[PDB]
Each structure stands twice: as C-alpha cells, then as structure tokens.
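Novice: First the structure, then my questions, so here it is.
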Amino acid sequence: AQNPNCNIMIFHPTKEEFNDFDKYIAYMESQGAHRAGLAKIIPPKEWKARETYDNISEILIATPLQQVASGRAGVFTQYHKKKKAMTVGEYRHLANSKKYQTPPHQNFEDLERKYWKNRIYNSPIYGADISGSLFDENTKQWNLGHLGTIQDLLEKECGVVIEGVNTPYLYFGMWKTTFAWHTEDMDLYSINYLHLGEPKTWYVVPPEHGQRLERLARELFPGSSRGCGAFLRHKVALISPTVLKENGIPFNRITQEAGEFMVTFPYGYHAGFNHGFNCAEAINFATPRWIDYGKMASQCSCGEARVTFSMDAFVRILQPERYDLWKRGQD
Ligand SMILES: O=C(O)CNC(=O)C(=O)O
Ligand SMILES: [Mg+2]
Ligand code: NI
Ligand SMILES: [Zn+2]
C-alpha cells in the first residue's frame with residue numbers, strides 16, 4: 001500500500017506532465033497522495049497563471065466578512081458578520097494597517113504559535129466565495145476555470161445528464177483569517193491556487209480517519225452536535241493542533257506559499273489560516289474515484305449549511321433516499 005503513514009506529499013511535475021490534469025491527479029493517487037487528504041503541487045518553472053497582478057485593485061468584495069470567535073483558544077467557533085463593500089485595493093490597505101497586519105515573527109512555526117495563542121482575541125475580515133478567476137484565458141495548463149465539470153463527470157460515469165454549473169471562487173485574506181474544519185460539499189475534491197501574497201497554513205485529517213475527527217467534534221461542541229448530525233458542514237468549528245494531539249487524532253500540517261497548488265481529496269477534513277494579505281482561487285472537482293464518496297457523504301438538513309444550486313442534482317441522483325429531507329433543509 002503506498003504512503004501507509006498518510007503523509008502529505010509534494011509533487012514537482014515537469015511541463016510535459018502538467019498538460020493532462022486528470023492523468024496527473026490519477027498519478028498522484030497511484031503514489032498514495034490521497035491517503036493524507038491533502039497534497040501540494042509545485043508548477044514547473046516554465047508555467048505562469050497570468051503575466052502580473054498589478055491590475056487587480058478594482059475587483060469588488062461585495063460582502064466582506066468579519067470572523068468573530070467564541071470559546072477558548074484551542075476550541076472555538078466563529079461567526080461571520082457582514083461588513084460594507086470594499087475594493088481589493090481598500091482591503092489590501094486594511095490588511096496592512098496596524099490593527100490587522102501580521103506581527104513580527106521568526107519563522108512559520110513562531111507565527112503558528114502566535115495564531116493559536118491569540119486568534120480568538122481578534123476579528124479579522126475575509127473576502128470569501130467571490131465568483132471569478134485570475135487565470136489568464138490563454139493559460140492552458142491547470143487553469144482552474146477550464147477544468148472538466150462535475151456534472152460532465154457524473155454523466156460520463158453514470159450516464160445521467162444533469163443541470164448545474166461549476167465555476168471558481170476568489171478569496172482575499174489577511175492575518176488570522178480562518179477556515180474552519182470541513183470536508184467539501186458532497187465530499188468532492190478541491191484545488192486551491194495561491195495567486196499572490198502571504199502563505200496559508202493547512203491542517204488535514206487522513207480520509208480513513210475522518211470519523212475520529214467527527215467523534216471529537218461531537219464531544220467538543222455538544223450543543224451544535226445535538227442541533228445537527230452533520231454540523232461540521234456549517235463550517236464554523238476550530239480545534240487546534242495541540243488539542244488534536246491531546247486526543248490522539250491523526251493529522252498533518254503544511255504551509256502553502258504563493259505560486260503553489262493544493263489539492264484536497266474526498267472526505268479529507270481540513271482547516272487553516274492565512275499569514276497576511278493574500279489572494280487564492282479555488283474550485284471543486286470530481287474524478288471516477290469520487291463517485292463512491294459522493295454516494296456516502298453526510299448531509300446537513302437542519303437548515304444551517306445552505307449550499308449552491310448544483311448540489312441538488314448530486315443529492316437527487318447519488319442519494320435519492322436522502323433527497324426529500326435534504327431539500328426540506330434547503331427551503
Ligand atoms: O482559500 C481558502 O480560504 C480555503 N480553501 C479551502 O478550504 C479549499 O480550497 O478546499
Ligand atoms: Mg481591478
Ligand atoms: Ni475546503
Ligand atoms: Zn446542520
């Protein structure tokens with residue numbers, strides 16, 4: 001069995017290997033990369049996403065979100081308070097202000113210590129889930145807006161044509177902006193490209209151990225667990241590496257820098273934080289190996305998780321028994 005300790009693997013494709021996306025995902029899986037839940041892909045030196053980032057300041061962040069925490073330093077939830085619209089140039093200046101800028105630090109480990117110690121005492125502002133792309137239209141390799149669609153994958157594998165579309169999202173981050181513990185919708189893959197700026201630290205639980213994380217989360221968030229049998233779908237709960245280690249939960253960590261891709265694999269729980277002002281692009285995707293995970297994915301039906309238009313068809317076709325209840329949750 002490849003990668004039996006479920007370590008995060010890092011790949012360096014050549015320019016020739018970077019031509020065929022599906023084939024390279026399948027190659028990484030042949031080496032056991034999916035066992036970790038997360039992999040890093042460093043593009044060949046010949047590749048670029050676009051020519052420059054000098055002209056992005058006029059992008060609008062219509063609904064910046066202030067991430068307000070409750071709990072204790074290692075075990076907390078966050079809620080998202082809506083703020084007034086601002087441009088990417090206004091947001092960059094905000095991120096660099098004395099109130100929000102990254103503190104002085106020695107290295108990534110020191111900054112990680114400071115994050116876990118102090119995150120709860122601040123409320124950073126995040127631009128999230130902004131439909132759009134920063135890939136140049138002429139970038140032919142690993143262009144996140146030109147991937148094959150999940151609806152076409154399901155049709156190719158299962159024969160059923162369905163409605164829906166699949167497009168990328170942009171994220172603008174600052175120091176302490178936080179992504180809560182989650183898997184993707186319908187336990188899909190995701191791919192994330194860090195376009196510019198400061199790093200993102202990731203934490204991940206191997207897919208084969210995901211139920212261990214869920215059992216801990218029920219113990220640590222007991223009211224939330226009573227409210228909903230899949231409350232991690234709400235994307236609000238944080239648990240620190242120290243707390244995971246105290247409770248014997250298997251996980252790994254890695255820092256992504258600008259110019260690097262990360263792939264998350266089906267049912268790989270992940271969480272993390274941004275180091276300072278940055279811009280990332282991400283999209284979900286599927287492969288043949290996903291279909292079995294999609295058929296088994298939990299679902300939130302309490303009303304909280306509320307998701308995209310395109311999830312309807314995935315639930316309807318892969319999970320017909322659950323469809324009626326899930327749809328009540330959506331309405
Ligand atoms: O850019 C981001 O904040 C977070 N991304 C993810 O959880 C992902 O790509 O799967
Ligand atoms: Mg602009
Ligand atoms: Ni994710
Ligand atoms: Zn729910």
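To be explicit about the labels: the chains of the structure tokens are called A, B, and onward in the order shown, and within each one the residues are counted from 1, while ligands get numbers from 1 in the order they are shown.
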Mind checking DSSP for stretch 218-306 of chain A and telling me the strand (DSSP E) residues as number ranges by chain?
Specialist: A: 237-239, 252-256, 261-264, 269-274, 278-285
Novice: Skipping near chain neighbours, those fewer than 2 positions away, what residues fall within 10 Å of stretch 65-79 of chain A using only C-alpha atoms, listed as a PyMOL selection string?
Specialist: chain A and resi 61-63+81-85+115-128+176-180+217+220-221+235-244
Novice: For the residues in the current selection, export N, CA, C and O atoms as a compact mmCIF listing (two decimals), in the first residue's frame.
Specialist:
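The result, written out as part26.txt:
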```txt
# COMPACT_ATOMS: atom_id res chain seq x y z
N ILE A 61 -15.14 43.32 -3.37
CA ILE A 61 -15.52 42.42 -2.35
C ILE A 61 -16.90 42.96 -1.83
O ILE A 61 -16.95 43.87 -1.01
N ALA A 62 -17.99 42.42 -2.37
CA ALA A 62 -19.33 42.97 -2.08
C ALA A 62 -19.71 42.81 -0.62
O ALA A 62 -20.38 43.70 -0.09
N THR A 63 -19.32 41.73 -0.01
CA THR A 63 -19.73 41.41 1.37
C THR A 63 -18.51 40.82 2.14
O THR A 63 -18.40 39.63 2.36
N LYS A 81 -19.81 38.14 10.49
CA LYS A 81 -20.52 39.38 10.49
C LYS A 81 -20.32 40.14 9.20
O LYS A 81 -19.20 40.44 8.80
N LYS A 82 -21.39 40.47 8.49
CA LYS A 82 -21.29 41.16 7.20
C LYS A 82 -20.86 42.60 7.36
O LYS A 82 -21.34 43.28 8.28
N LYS A 83 -19.94 43.05 6.55
CA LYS A 83 -19.43 44.43 6.52
C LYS A 83 -19.76 45.08 5.17
O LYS A 83 -20.17 44.45 4.22
N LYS A 84 -19.59 46.39 5.13
CA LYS A 84 -19.79 47.15 3.91
C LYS A 84 -18.77 46.80 2.79
O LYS A 84 -17.63 46.41 3.08
N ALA A 85 -19.23 46.87 1.53
CA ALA A 85 -18.41 46.54 0.39
C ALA A 85 -17.14 47.34 0.35
O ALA A 85 -17.05 48.52 0.76
N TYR A 115 -0.68 32.47 16.24
CA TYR A 115 -2.06 32.29 15.75
C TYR A 115 -2.88 31.57 16.82
O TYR A 115 -3.96 32.02 17.20
N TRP A 116 -2.45 30.38 17.26
CA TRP A 116 -3.21 29.59 18.19
C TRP A 116 -3.34 30.21 19.56
O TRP A 116 -4.39 30.04 20.23
N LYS A 117 -2.34 30.98 19.96
CA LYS A 117 -2.44 31.67 21.23
C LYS A 117 -3.45 32.78 21.21
O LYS A 117 -4.15 33.04 22.22
N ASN A 118 -3.45 33.57 20.16
CA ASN A 118 -4.12 34.86 20.12
C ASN A 118 -5.32 35.02 19.19
O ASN A 118 -5.93 36.09 19.21
N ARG A 119 -5.56 34.03 18.30
CA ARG A 119 -6.62 34.22 17.27
C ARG A 119 -7.95 34.74 17.88
O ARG A 119 -8.62 35.59 17.30
N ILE A 120 -8.39 34.11 18.97
CA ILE A 120 -9.76 34.41 19.48
C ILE A 120 -9.94 35.87 19.90
O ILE A 120 -11.10 36.33 19.93
N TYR A 121 -8.86 36.54 20.20
CA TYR A 121 -8.95 37.90 20.71
C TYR A 121 -9.02 38.96 19.66
O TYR A 121 -9.03 40.18 19.96
N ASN A 122 -9.06 38.52 18.38
CA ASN A 122 -9.16 39.45 17.28
C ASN A 122 -10.27 38.98 16.33
O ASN A 122 -10.73 37.79 16.39
N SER A 123 -10.75 39.88 15.49
CA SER A 123 -11.78 39.56 14.49
C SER A 123 -11.34 40.01 13.13
O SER A 123 -11.77 41.07 12.67
N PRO A 124 -10.56 39.22 12.40
CA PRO A 124 -10.08 39.61 11.07
C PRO A 124 -11.24 39.61 10.02
O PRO A 124 -12.29 38.98 10.24
N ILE A 125 -11.02 40.30 8.94
CA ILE A 125 -12.02 40.46 7.87
C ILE A 125 -11.54 39.74 6.64
O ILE A 125 -10.35 39.82 6.28
N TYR A 126 -12.45 38.95 6.06
CA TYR A 126 -12.14 37.93 4.96
C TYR A 126 -13.04 38.27 3.72
O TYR A 126 -14.28 38.43 3.92
N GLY A 127 -12.50 38.32 2.49
CA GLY A 127 -13.32 38.27 1.29
C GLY A 127 -13.42 36.87 0.83
O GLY A 127 -12.52 36.31 0.29
N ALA A 128 -14.56 36.31 0.90
CA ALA A 128 -14.77 34.89 0.53
C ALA A 128 -15.74 34.59 -0.52
O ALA A 128 -16.77 35.24 -0.69
N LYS A 176 -4.66 36.01 10.36
CA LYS A 176 -5.67 35.36 11.22
C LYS A 176 -6.98 34.97 10.53
O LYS A 176 -7.79 34.30 11.20
N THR A 177 -7.19 35.36 9.26
CA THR A 177 -8.39 34.80 8.60
C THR A 177 -8.30 33.30 8.62
O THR A 177 -7.23 32.69 8.43
N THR A 178 -9.46 32.67 8.88
CA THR A 178 -9.54 31.28 9.31
C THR A 178 -10.53 30.47 8.50
O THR A 178 -11.65 30.93 8.28
N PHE A 179 -10.15 29.26 8.12
CA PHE A 179 -11.06 28.31 7.50
C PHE A 179 -11.29 27.16 8.50
O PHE A 179 -10.35 26.51 8.95
N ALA A 180 -12.55 26.96 8.86
CA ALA A 180 -12.95 26.00 9.81
C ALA A 180 -12.83 24.57 9.32
O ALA A 180 -12.75 24.32 8.12
N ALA A 217 -15.23 16.19 17.53
CA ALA A 217 -16.01 17.39 17.39
C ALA A 217 -17.35 17.28 18.12
O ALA A 217 -17.79 18.28 18.74
N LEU A 220 -16.58 18.02 21.74
CA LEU A 220 -16.15 19.39 21.99
C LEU A 220 -17.15 20.49 21.74
O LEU A 220 -17.02 21.61 22.28
N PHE A 221 -18.17 20.18 20.94
CA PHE A 221 -19.23 21.09 20.54
C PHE A 221 -20.58 20.44 20.79
O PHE A 221 -21.32 20.14 19.84
N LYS A 235 -19.29 24.77 8.82
CA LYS A 235 -18.04 25.42 8.61
C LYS A 235 -17.78 26.54 9.57
O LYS A 235 -17.41 27.63 9.22
N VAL A 236 -17.93 26.23 10.87
CA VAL A 236 -17.72 27.20 11.97
C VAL A 236 -16.82 26.71 13.10
O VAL A 236 -16.50 27.56 13.92
N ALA A 237 -16.39 25.47 13.14
CA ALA A 237 -15.71 24.96 14.32
C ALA A 237 -14.22 24.81 14.11
O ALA A 237 -13.75 24.28 13.05
N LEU A 238 -13.46 25.29 15.08
CA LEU A 238 -11.99 25.19 15.07
C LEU A 238 -11.48 24.42 16.25
O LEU A 238 -11.99 24.55 17.39
N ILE A 239 -10.50 23.56 16.03
CA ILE A 239 -9.81 22.73 17.01
C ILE A 239 -8.33 22.82 16.73
O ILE A 239 -7.94 22.58 15.57
N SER A 240 -7.50 23.17 17.71
CA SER A 240 -6.06 23.37 17.48
C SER A 240 -5.28 22.13 17.34
O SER A 240 -5.70 21.07 17.77
N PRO A 241 -4.05 22.23 16.75
CA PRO A 241 -3.19 21.03 16.70
C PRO A 241 -2.88 20.47 18.09
O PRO A 241 -2.78 19.23 18.24
N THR A 242 -2.73 21.31 19.09
CA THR A 242 -2.44 20.83 20.44
C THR A 242 -3.59 19.97 20.94
O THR A 242 -3.42 18.90 21.54
N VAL A 243 -4.82 20.45 20.77
CA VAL A 243 -5.98 19.67 21.19
C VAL A 243 -6.17 18.37 20.41
O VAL A 243 -6.52 17.30 20.94
N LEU A 244 -5.89 18.42 19.10
CA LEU A 244 -5.96 17.17 18.33
C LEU A 244 -4.93 16.14 18.86
O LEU A 244 -5.25 14.96 18.98
```
Novice: Need to verify the contact set: residue A:299, 8 Å, only C-alpha atoms, exclusion of same-chain residues closer than 3 positions in sequence. Can you return it as a ChimeraX atom specification?
Specialist: /A:186,230,233,326
Novice: Quick one: of A:187, A:99, A:279, A:222, who's nearest to residue A:296, counting only C-alpha atoms?
Specialist: A:187
Novice: Counting only C-alpha atoms and all ligand atoms, name the residues that have an atom within 9 Å of an atom of ligand 2; the answer should be given as a PyMOL selection string.
Specialist: chain A and resi 54-60+87-89
Novice: Give as a PyMOL selection string the residues surrounding ligand 4 up to a distance of 12 Å, considering only C-alpha atoms and all ligand atoms.
Specialist: chain A and resi 223-236+298-307+325-326+328-330
Novice: Please write out the residues within 9 Å of ligand 1 as a ChimeraX atom specification, counting only C-alpha atoms and all ligand atoms.
Specialist: /A:126,128-129,169-173,177-184,189-194,200,202,262-264,270-274,279-284
Novice: Any chance you could export the current selection's C-alpha atoms as a short mmCIF file (atom, residue, chain, number, x, y, z; two decimals), in the first residue's frame?
Specialist:
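Once written, selection-v5.cif looks like this:
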```cif
data_model
loop_
_atom_site.label_atom_id
_atom_site.label_comp_id
_atom_site.auth_asym_id
_atom_site.auth_seq_id
_atom_site.Cartn_x
_atom_site.Cartn_y
_atom_site.Cartn_z
CA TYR A 126 -12.14 37.93 4.96
CA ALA A 128 -14.77 34.89 0.53
CA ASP A 129 -16.51 32.95 -2.13
CA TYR A 169 -14.11 31.38 -6.46
CA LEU A 170 -11.64 34.03 -5.29
CA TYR A 171 -10.61 34.57 -1.65
CA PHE A 172 -8.90 37.67 -0.25
CA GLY A 173 -7.29 37.02 3.15
CA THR A 177 -8.39 34.80 8.60
CA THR A 178 -9.54 31.28 9.31
CA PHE A 179 -11.06 28.31 7.50
CA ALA A 180 -12.95 26.00 9.81
CA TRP A 181 -12.76 22.19 9.92
CA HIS A 182 -14.71 20.74 6.95
CA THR A 183 -14.85 18.42 4.03
CA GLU A 184 -16.06 19.66 0.61
CA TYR A 189 -12.08 17.17 -4.29
CA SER A 190 -10.92 20.75 -4.18
CA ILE A 191 -7.98 22.56 -5.77
CA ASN A 192 -6.64 25.84 -4.48
CA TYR A 193 -4.04 28.11 -6.12
CA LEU A 194 -2.37 30.78 -4.01
CA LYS A 200 -1.71 29.79 4.11
CA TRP A 202 -3.26 23.93 6.38
CA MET A 262 -3.02 22.37 -3.03
CA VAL A 263 -5.42 19.53 -3.74
CA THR A 264 -7.81 18.22 -1.10
CA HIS A 270 -9.09 20.36 6.58
CA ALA A 271 -8.74 23.73 8.35
CA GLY A 272 -6.23 26.54 8.42
CA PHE A 273 -5.32 30.19 8.45
CA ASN A 274 -3.73 32.96 6.41
CA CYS A 279 -5.37 36.09 -2.81
CA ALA A 280 -6.32 32.47 -3.56
CA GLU A 281 -8.58 30.85 -6.19
CA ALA A 282 -10.33 27.50 -5.61
CA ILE A 283 -12.87 25.17 -7.23
CA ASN A 284 -14.32 21.75 -6.56
#
```
Novice: Mind checking which residues fall within 8 Å of residue A:197, counting only C-alpha atoms, ignoring those fewer than 2 positions away in the same chain, and posting them as a PDB file with N, CA and C atoms, in the first residue's frame?
Specialist:
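This went into result.pdb:
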```pdb
ATOM      1  N   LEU A 194      -2.680  29.583  -4.720  1.00  0.00           N
ATOM      2  CA  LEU A 194      -2.370  30.784  -4.012  1.00  0.00           C
ATOM      3  C   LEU A 194      -1.714  31.732  -5.031  1.00  0.00           C
ATOM      4  N   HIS A 195      -2.473  32.725  -5.523  1.00  0.00           N
ATOM      5  CA  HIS A 195      -2.040  33.664  -6.589  1.00  0.00           C
ATOM      6  C   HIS A 195      -0.967  34.596  -6.096  1.00  0.00           C
ATOM      7  N   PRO A 199       1.558  33.418   3.055  1.00  0.00           N
ATOM      8  CA  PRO A 199       1.180  31.986   2.982  1.00  0.00           C
ATOM      9  C   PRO A 199      -0.164  31.683   3.658  1.00  0.00           C
ATOM     10  N   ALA A 258       2.824  31.417  -2.181  1.00  0.00           N
ATOM     11  CA  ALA A 258       2.335  31.924  -3.427  1.00  0.00           C
ATOM     12  C   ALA A 258       2.960  31.168  -4.600  1.00  0.00           C
ATOM     13  N   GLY A 276      -1.160  36.660   6.258  1.00  0.00           N
ATOM     14  CA  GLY A 276      -1.188  38.095   5.946  1.00  0.00           C
ATOM     15  C   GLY A 276      -1.966  38.277   4.683  1.00  0.00           C
ATOM     16  N   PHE A 277      -1.917  39.465   4.061  1.00  0.00           N
ATOM     17  CA  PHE A 277      -2.716  39.712   2.860  1.00  0.00           C
ATOM     18  C   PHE A 277      -2.361  38.731   1.778  1.00  0.00           C
ATOM     19  N   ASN A 278      -3.417  38.079   1.238  1.00  0.00           N
ATOM     20  CA  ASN A 278      -3.207  37.137   0.124  1.00  0.00           C
ATOM     21  C   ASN A 278      -4.451  37.021  -0.758  1.00  0.00           C
ATOM     22  N   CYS A 279      -4.319  36.375  -1.884  1.00  0.00           N
ATOM     23  CA  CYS A 279      -5.373  36.089  -2.814  1.00  0.00           C
ATOM     24  C   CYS A 279      -5.200  34.679  -3.288  1.00  0.00           C
TER      25      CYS A 279
END
```
Novice: Report as a PyMOL selection string: the residues of stretch 65-162 of chain A with a DSSP assignment of helix (DSSP H, G or I), based on the backbone of this structure.
Specialist: chain A and resi 88-95+108-121+150-158
Novice: May I ask for the distance between atom CA of residue A:162 and atom CA of residue A:331, given in Å to one decimal place?
Specialist: 20.8 Å
Novice: What does the structure give for the distance between atom CA of residue A:6 and atom CA of residue A:212, in Å to one decimal?
Specialist: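 These two atoms are separated by 14.9 Å.
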Novice: Which value, in Å to one decimal, gives the distance between atom CA of residue A:321 and atom CA of residue A:35?
Specialist: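 Computing it gives 29.2 Å between the two atoms.
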Novice: Taking only C-alpha atoms and all ligand atoms into account, which of A:285, A:313, A:292, A:97 comes nearest ligand 3?
Specialist: A:285
